[PDB]
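What follows is a single chain, given as structure tokens, in the form deposited in one PDB entry.
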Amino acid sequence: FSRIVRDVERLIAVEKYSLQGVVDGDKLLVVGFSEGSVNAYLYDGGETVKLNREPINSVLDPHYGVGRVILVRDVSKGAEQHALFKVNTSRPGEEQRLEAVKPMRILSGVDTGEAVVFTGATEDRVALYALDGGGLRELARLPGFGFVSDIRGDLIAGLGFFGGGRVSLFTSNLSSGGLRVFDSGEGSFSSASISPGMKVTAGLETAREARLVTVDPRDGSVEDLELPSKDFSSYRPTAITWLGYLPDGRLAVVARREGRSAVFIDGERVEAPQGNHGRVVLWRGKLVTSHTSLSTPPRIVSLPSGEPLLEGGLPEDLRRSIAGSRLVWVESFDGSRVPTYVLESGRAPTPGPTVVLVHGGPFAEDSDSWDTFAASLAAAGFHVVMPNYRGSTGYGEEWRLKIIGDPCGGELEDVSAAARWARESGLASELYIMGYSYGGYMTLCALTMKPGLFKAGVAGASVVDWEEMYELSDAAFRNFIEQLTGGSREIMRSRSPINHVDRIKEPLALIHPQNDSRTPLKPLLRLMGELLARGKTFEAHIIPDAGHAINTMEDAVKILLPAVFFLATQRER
């Protein structure tokens, strides 16, 4: 029913912005989705300025005012074999490939103006690199996913998922390399930034709260940072999205709890629109950050006014399809409380058609943040339930690590409960499961382990077999999988939908990017083979020249359109 396409394509098309830093003297560096693809722009108060030629994937963090931007573009048609390109800001649209770096999964990076420090992954290692005038140097080989946080002088700070789901903090030297890894018996570090005193300020997420610590690298000492203003310290945040020093020394922090964040400057809370904020930068004296919300696509506003600098306005009608939204606390199987964001659709009755949309990750969370899938779903006439199952971020360390070694176990029990809640609360008249990635893994775990729960399910870029996916993984994922599963082949086998297909009883729609190197297509072709033989009902959509990263309005459409079509079809019985 085309009345569906009109809105879904519109929600997809709305320009989306993310903030990166201040470059070229004093212009904001931003990444926005606009024109039908992901590009990098300079903004200076008026018209925006495209920096790259063809679509990119992202930009490396630039120090304040540097005169160049390092683009990160996939040169593998989706497989995510990134190549790094340099662009001088005075000469927009001219790129010089950094041929010193061979294509790899570029995980993160910063550009000091003189040196380029990033972390990449290959079939054999995740490493911390540095590319300056003398060429490429590997500063350290890392255990698993590691991301660069900040560079001040020779001191490099980063975050690393080096074991058991915990995030550790590491330091290295830009000229002499090396690696130090600081662990915190109390939890995981969520952000880092180097202080003028050359100590590492970091967010620390413990079982309960999230606190500000100072970590002296010279040894490893940790102590609570004391801020000038006490506002911050009296809010008790659950997580710290990002923190960092502005040019003038003031400490900027973005803390969050229950799905919404606040921004503090030296401990003094600055007013910011409700929702969630990205990094904070000092621009011409003023404070800029990125704002988002279930009803507001990622935009860039001024603080404290909230006035928008760059923003893809969301239309009135489409804005009107989200009748409301709540944060609920679904009662799980073990007595656990699953924070769940719900979205009543203005186009469905109550009770009515509901979709338990499962977030990916698993270390992610459903928060007060723009979500294209849930929005279009509301648009198509379905209420949306988004449960922060155990393994989610944003609710403490204890809740986040409960998934380690237990995939397709407890979190799945939390997803089922969200359904149980949707039905018993009066919101649902019928139930569907839909998700991309770990979310799509969950659809597959729900349909197999728990037939009868949902009327049908949509699994996009889904996990299908830990064993095979493993042997097809680069150093970052293989390690990441070794962490989720605990490494036991009993878990990898027993917690793989591919092995319990006989149990399926509902209609399945498989959507998968042909070149996805995060969740490979190969196992999904075996699944389809299994579905066929067992005489199971299913439809599938494999997408051309695309990977896990959806960075063009055509791939987003090819991925969301089939989904909404599938569900609208099941809804009419």
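Take the two forms, superpose them, and find the largest set of C-alpha atoms that agree within 1.5 Å; that set is the rigid core. Note that residue numbering begins at 1 and tracks the sequence as displayed. Residues that one form lacks are left out of the comparison.
Not on display, but discussed next: the form deposited in another entry.
Fit the rigid core and compare the CA positions between this form and the one not shown: of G249, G220, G486, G93, just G486 moves by 2 angstroms or more. Positional change of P544 between this form and the one not shown reaches 2 Å or more at the C-alpha, relative to the superposed core. With the core held fixed, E209 shows a CA shift below 2 Å between this form and the one not shown. A displacement of less than 2 angstroms separates the C-alpha positions of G158 between this form and the one not shown, with the rigid core held in common. Shifted segments between this form and the one not shown, defined as at least 3 consecutive common residues whose CA atoms all move 2 Å or more after rigid-core fitting, lie at 1-4, 34-37, 313-366, 373-473, 475-572.
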